[PDB]
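Cβ atoms come from the backbone with ideal geometry, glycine included; neighbour counts cover every protein chain shown. Each answer follows from the model by the rule given with it, or from the source it names; no laboratory instrument gave them.
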Amino acid sequence: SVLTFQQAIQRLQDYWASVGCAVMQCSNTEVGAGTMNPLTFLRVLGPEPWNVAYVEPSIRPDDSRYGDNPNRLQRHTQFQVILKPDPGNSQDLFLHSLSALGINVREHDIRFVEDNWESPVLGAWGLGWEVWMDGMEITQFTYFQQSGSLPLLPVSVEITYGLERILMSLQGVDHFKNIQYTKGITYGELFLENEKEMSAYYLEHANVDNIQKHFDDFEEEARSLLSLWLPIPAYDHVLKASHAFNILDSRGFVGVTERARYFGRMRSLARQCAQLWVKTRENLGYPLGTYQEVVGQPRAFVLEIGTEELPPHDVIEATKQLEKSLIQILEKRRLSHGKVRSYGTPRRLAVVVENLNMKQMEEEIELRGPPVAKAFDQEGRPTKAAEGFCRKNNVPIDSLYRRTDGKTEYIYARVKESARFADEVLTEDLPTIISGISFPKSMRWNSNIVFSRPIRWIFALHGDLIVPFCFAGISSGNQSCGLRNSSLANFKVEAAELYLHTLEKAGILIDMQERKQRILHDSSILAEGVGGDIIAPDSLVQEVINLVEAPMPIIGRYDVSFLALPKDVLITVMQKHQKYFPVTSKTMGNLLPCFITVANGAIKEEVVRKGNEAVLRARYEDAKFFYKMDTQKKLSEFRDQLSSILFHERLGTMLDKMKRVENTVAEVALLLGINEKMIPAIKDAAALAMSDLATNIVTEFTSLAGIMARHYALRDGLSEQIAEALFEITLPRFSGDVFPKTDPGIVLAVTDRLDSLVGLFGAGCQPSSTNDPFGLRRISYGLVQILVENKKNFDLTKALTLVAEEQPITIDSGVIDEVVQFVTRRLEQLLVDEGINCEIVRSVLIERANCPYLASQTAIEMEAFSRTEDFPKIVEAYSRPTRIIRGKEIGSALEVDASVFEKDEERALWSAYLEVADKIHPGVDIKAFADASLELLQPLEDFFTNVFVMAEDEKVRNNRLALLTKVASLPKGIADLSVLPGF
RNA sequence: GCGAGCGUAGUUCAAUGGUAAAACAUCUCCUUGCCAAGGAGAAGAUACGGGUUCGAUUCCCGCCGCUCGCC
């Protein structure tokens, strides 16, 4: 029959005992996971080999739900296996485990989807995958690299089965209380009331001060026993203190600001138990050993680097910096070739260079060295440089001559190219090619070489002969693994020109652009067989392509009564978590009860559809309960939960922040010049803002912040524009998203971004680093795009003098004069990379930098004027009276008068100044300026020609100074003309 | 938190294994004087430290600053 719950264990722990793991027992203290058991956190540190495997429950109380939802339990059993050192087969033993416990691995769909692991409390992290059998995540698989705070050597492999998410799939059961434990008895009929009334304890009746005391008591005892040098009890007390913190957090007694203190209090206990254990081991001497460690026509050249499953976006950025790094070094070494072409797959990165040469080019080239001054001399030609110049080239020293190299120097000679057979060249240069590829996250598995996933085979051939070398303990050869668990899981390719034809004879489609066209072209037949078509945003196809090797699509049905949910929760479940394709009927274009999934390989396609249909019958069944729990109360009541989300420590939660916005959004609608008959209809849509952030859905689907506020608002019976404005307080959410277009949608999206700037700035967290906490870059970058894309006239130095007045911490006039600069630099960077010149955007941003729309308007309109032949007339016309007045003690400020203006050309210059200054007002555009100064430039050169400005008289020489101070100051407000070149 | 790319006169930019160039700015000499303009001349730099090589601005390592993605 089927596997019961105890046979699963009785077979897993004897299979893993045939391999060689010791089989221990669980602990006797409450833990939350398995990786914190005393014998997998302590005993991975050191040189000590530790193959072990055990079974333990895990108790985490904040997941207690009275035992009703069929997936979450407050006490669930695991199965943990740790292998140190990494044996090498570490994921071909796993798939023998699976078919050992009665699974048919040639029939289901086993997928290795990447998921890293990190935990700051223990101070550990590692890289690895999670295993999807028919859509269900069943197992985690990790290589460790830190533990405590000291790096690991050698690294450990951790495999952690979860034995109640496996047994519901292997048995056709939807609710855990129907799982057959042994022949006759059920799982519910053993653990139901423990599930039911330990929840009431961890959830309602836990005495919450006799735990607050026990936390500190355990902390003190573990800190004391770390001074008699006793690691064992000094860690058990850490275990039973981090337990008592969990049933504090569950009861809700931990506020919002104590968590950052509790985590710190308990992290430095595990951080310093580790350094004691690793030493008390080595004072014994490590009683468990120690870990120490030809000429012919051209032929093709193929190089493949097998791997274990890379992420979906480490194939794309590593199939480029390999082909480029090969293109360079093929010609750096004087070798000729043809059509070079790369490829990719989750577990191989191939490159093909066609008809590669057989020898180097072998031509003689000139080469000039040091000048005749340094090396050559009269009767002293060889000093110390000529010999060094001929030694590295071994040409005889009397084979040199001179050339007019600028100054008729630099003696030189010829050299040779030294043909080297094109297969002893690559031996020297390939390892530094393969070692060149660099990723953001990277591993170590058996040495100090770094890569993103372990390399398992290298297939590098040329013609018929093998290019021999070694990288990371693997000697290159001519074998390759095909589609896993098939008849061609290992083949050998003879000649490098029948590589591709052999590869696709084992099922693999390696050409990346011909997997997209066999996904999106066998999905359409399915979607049209039912009546509709797919929804494939090309940010999802680029991540479904690189999860598969030989694709195969399948349609599946889910229930119709789930169609009452919002459309944008159905599609987000089906896309961002399971990676499916929704289906919409192309007549009346809303959703249908179908989905399309992409299997991988030789699949039964009768069990995988039936297995996938029953996972999003469960995720939908949870989201529907959340939704029905969220329509129990009117939306205006979800505000008063907001006071339990942290924003920043010394300034507080989110409820106070949204409190500080209703009181200022009544003026930012006057700075932008918004119509009067909408300043009412904004403010009531300002109290409801950011309310959905405490909802039940949005805590689960944290990407629906903003959608599931408009959905509730419209349903409650508000206006349309209120609900629509309740959505664009979040736009834009990343780089390249739509901006707020409606009128009351700008006010709020601007008023929020003013606060999150002025508060975070005037309260310590300044971005002065390469480190970016709190995202102060994009928050400051979006505030200028909401304006330059929307034709709005703003004042950055008045709004920041008014949205800083509200904060709880005091804001002095000096700290808002750096926010303006941190915004202006961002505007300059936005403006330069639009194909603008760099010198004009620094001559408009000196006084037009306040209103970010007029600046971006008048900096594009100034370059086109700079390229016309009036720029050199104006930039000089205004430079003749600003240099001549570099300081001569002009004291009588205005002085522009006819008191004594007995000058000849003054009487015709001041008139021109008045008739132009009557046009140029402090906000004029650049063209009226550029046509109003061209007629002023002549009386200038008719004034300077005659009048001797400098003082031949004592008092009356200030007219002649003010009359030019004015003509010099006219462009104050339009452009700072003393920076542009050509002055 | 991690990666990626960068750093040359005062501002912008060429070059590369072995006399670091040019533009604008600055200075002096000219005089239908003080501004501008046309002419001659002069001075001025590889962020910093370390490594090989006879010689590194260039190849290698380490420190400081800047810009950009993810967290």
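Considering segment A:76-127, and only residues there that are outside any strand (DSSP E or B) and of a type in the set (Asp, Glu), the residue that is farthest from residue A:454 (Cα to Cα) turns out to be A:107. Identify all residues within segment A:916-944 that are within 19 Å of residue A:882 (Cα to Cα) and aliphatic (A, V, I, L, M); write none if there are none. Passing the criteria: A:916, A:917, A:920, A:930, A:932, A:934, A:936, A:937, A:940. Every condition in (1) of a type outside the set (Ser, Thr, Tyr); (2) out of contact with any helix residue (DSSP H, G or I) (no Cβ under 7 Å at 6 or more places or on another chain); (3) away from RNA strand B (no atom under 16 Å from the Cβ) holds for residue A:737 except the one numbered (3). The residues of segment A:56-86 that are in contact with a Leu (Cβ under 8 Å, 6 or more places away or on another chain) and closer than 22 Å to residue A:126 by Cα, listed by number, are A:78, A:79. In this structure, does residue A:457 turn out to be more than 15 Å from RNA strand B (Cβ to nearest atom), not in a loop (DSSP other than H, G, I, E, B) and not β-branched (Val, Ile, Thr)? The answer is yes for residue A:457. Against the definition (part of a loop (DSSP other than H, G, I, E, B), more than 25 Å from the chain's Cα centre (by Cα) and either away from RNA strand B (no atom under 16 Å from the Cβ) or of a type in the set (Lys, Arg) (or both)), how does residue A:791 come out, yes or no? When the stated conditions are applied, residue A:791 passes them.
Based on what the data block shows, is residue A:779 within 27 Å of the chain's Cα centre (by Cα), assigned by TED's automatic domain parsing to the domain that holds residue A:708 and surrounded by fewer than 17 Cβ atoms within 10 Å (Cβ to Cβ)? Considered against the rule, which asks whether it is within 27 Å of the chain's Cα centre (by Cα), assigned by TED's automatic domain parsing to the domain that holds residue A:708 and surrounded by fewer than 17 Cβ atoms within 10 Å (Cβ to Cβ), residue A:779 comes out as yes. The residue that is nearest to RNA strand B (Cβ to nearest atom), counting only those in segment A:877-887 that are outside any loop (DSSP other than H, G, I, E, B) and surrounded by 14 or more Cβ atoms within 10 Å (Cβ to Cβ), is A:880.
Check whether at least one residue in segment A:814-821 is on the phi > 0 side of the Ramachandran plot and either more than 15 Å from RNA strand B (Cβ to nearest atom) or among the small types (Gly, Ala, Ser) (or both), and report yes or no. No: segment A:814-821 contains no residue that is on the phi > 0 side of the Ramachandran plot and either more than 15 Å from RNA strand B (Cβ to nearest atom) or among the small types (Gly, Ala, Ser) (or both).
Just for segment A:822-861: of the residues that are of a type in the set (S, T, N, Q) and closer than 17 Å to residue A:780 by Cβ, which one is farthest from RNA strand B (Cβ to nearest atom)? Filtering first and then ranking leaves A:850.
Of all residues in segment A:55-75, those satisfying the criterion of being part of a loop (DSSP other than H, G, I, E, B) and among the aliphatic types (A, V, I, L, M) are A:55, A:73. If you go through segment A:816-841 and pick out every residue that is outside any helix (DSSP H, G or I) and surrounded by 16 or more Cβ atoms within 10 Å (Cβ to Cβ), you end up with 3.
Answer yes or no as to whether residue A:320 is assigned to a helix (DSSP H, G or I), under 30 Å from residue A:547 (Cα atoms), within 16 Å of RNA strand B (Cβ to nearest atom) and not assigned by TED's automatic domain parsing to the domain that holds residue A:405. The answer is no for residue A:320.
Listed here are the helices (runs of 4 or more DSSP H) enclosed by segment A:507-608 that have at least 3 residues being touching a helix residue (DSSP H, G or I) at 6+ places or on another chain (Cβ under 8 Å), of a type outside the set (S, T, N, Q) and more than 30 Å from residue A:351 (Cβ to Cβ): A:567-576. Applying the criterion of being in a helix (DSSP H, G or I) and aliphatic (A, V, I, L, M) to the residues of segment A:5-23, the residue that is nearest to residue A:83 (Cα to Cα) is A:19.
In this structure, residue A:371 qualifies as more than 28 Å from residue A:326 (Cα to Cα), surrounded by 13 or more Cβ atoms within 10 Å (Cβ to Cβ) and near RNA strand B (Cβ under 7 Å from one of its atoms). Each residue in segment A:384-443 was checked for being basic (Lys, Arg), within 9 Å of RNA strand B (Cβ to nearest atom) and part of a loop (DSSP other than H, G, I, E, B), and 4 pass.
Restricted to helices (runs of 4 or more DSSP H) entirely inside segment A:888-962, those with at least 2 residues that are farther than 25 Å from residue A:868 by Cβ and either more than 16 Å from RNA strand B (Cβ to nearest atom) or in contact with a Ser or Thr (Cβ under 9 Å, 6 or more places away or on another chain) (or both) are A:906-917. Listed by position, the strands (runs of 3 or more DSSP E) inside segment A:136-194 whose residues that are surrounded by fewer than 19 Cβ atoms within 10 Å (Cβ to Cβ) and within 42 Å of the chain's Cα centre (by Cα) number at least 3 are A:136-147. Has segment A:700-717 got at least one residue that is out of contact with any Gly (no Cβ under 7 Å at 6 or more places or on another chain), at positive phi and away from RNA strand B (no atom under 16 Å from the Cβ)? Within segment A:700-717 (the criterion being out of contact with any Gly (no Cβ under 7 Å at 6 or more places or on another chain), at positive phi and away from RNA strand B (no atom under 16 Å from the Cβ)), the answer is yes, since at least one residue qualifies.
Quick grid of which residues meet (1) within 29 Å of residue A:201 (Cα to Cα); (2) crowded, with 19+ Cβ neighbours inside 10 Å; (3) of a type in the set (S, T, N, Q):
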site	(1), (2), (3)
A:221	yes, no, no
A:239	yes, yes, no
A:263	yes, no, no
A:280	no, no, yes
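Residue pairs whose Cβ atoms lie under 6 Å apart, sitting 6 or more positions apart in sequence or on different chains, and linking a residue in segment A:373-394 that is assigned by TED's automatic domain parsing to the domain that holds residue A:407 to a partner that is near RNA strand B (Cβ under 8 Å from one of its atoms) and of a type in the set (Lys, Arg), are A:385/A:374.
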